[PDB]
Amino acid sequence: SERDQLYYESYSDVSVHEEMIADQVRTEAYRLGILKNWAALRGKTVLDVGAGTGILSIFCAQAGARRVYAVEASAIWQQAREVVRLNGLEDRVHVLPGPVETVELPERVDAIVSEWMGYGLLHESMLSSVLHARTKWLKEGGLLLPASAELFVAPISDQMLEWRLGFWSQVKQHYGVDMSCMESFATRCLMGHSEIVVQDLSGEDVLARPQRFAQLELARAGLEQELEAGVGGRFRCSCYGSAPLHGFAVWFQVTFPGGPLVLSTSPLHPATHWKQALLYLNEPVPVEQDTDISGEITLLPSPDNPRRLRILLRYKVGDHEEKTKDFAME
């Protein structure tokens, strides 16, 4: 309650809603994903879980929803009421303040729309709120937007990290002072920790074919029990070539029903504010073409904080013995 209240009012500031709507890959994907469901939303009722400024609710109205209930727990709900009023939709889009867990809707709804994903998919873990509203207020077999999330893992050779490690071998060319001996210290500092690092990679950093290691269907009942215990699964892949293996990037996509539109955070797709979630090994591990990497990745809430993402990594490079690493978000 102390946490929930502190977590909600982190969204009472403009900067995080600005960043979300300024992410055009995200916002266009949601806009299209909603509008493309015009046939299934037309004449139907909708619950926007965590409506924020209310922009997703208004796309739902544009898709022909007859009513949208925009439920928002933080102070930003006042802005959304004015946005709705300003767009002339106060008769069809109803901003209700409070947590979706305890708000009273006038009715069960035909559809849920929500943008609930955090870093590494489940950090902040608003997903439990969405699934709570599904059970309580979505009608049987009702539409969820997006409908599902897919998790991906790929082994990586991070060019940024390389450049930072090799920075110390370059100081001589720049200023006449040799500093190559700092490299191992830079390695321990940048890789030896146990934090999930949130950073933008590109296709150049991907060391093998991405593997989908879990799918979460939002419409599947009892998925709330699974989240507390951890979701994820196993993977196996083979390296493209020779490079220092730095670890793994984890990312996700969300899929809207076809009416199929996919919002991807892959480093092979245009960048989003989510970037990717990097799991560095303690030190770089040389690999070559067809090196076999297998393992298991599990996304869990942290013991100390149920909204903080933790990731249990088990891996095995070639024949170098199975290792594990325990990661938590900063």
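Just count from 1 along the sequence shown to find any residue number.
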Per the record, how many residues of the deposited chain fall between residue 259 and residue 260 without being modelled: none, 1 to 3, 4 to 9, or 10 or more? 4 to 9
Comparing mean C-alpha B factor in the record for 170-178 and 105-113, the higher one is 170-178
Out of 8-16 and 21-29, which one has CA B-factors that are higher on average in the deposited record? 8-16
Choose from 184, 87, 194, 253 the residue with the greatest Cα B-factor as stated in the PDB record. 194
Have a look at 291, 272, 57, 45 and flag the one whose Cα has the highest B-factor in the entry. 291
Consider only the C-alpha atoms of the modelled residues in this chain, order them by B-factor as the entry records it, and name the third containing residue 137: lowest, middle or highest. lowest
Where the record places residue 302 (Cα B-factor, split into thirds across the chain): highest
Considering every modelled residue of the chain and its Cα B-factor in the PDB entry, is residue 99 in the lowest, middle or highest third? highest
Just say lowest, middle or highest third for the CA B-factor of residue 268 relative to the other modelled residues in its chain. middle
Can you work out whether the C-alpha temperature factor of residue 226 puts it in the lowest, middle or highest third of the chain? highest
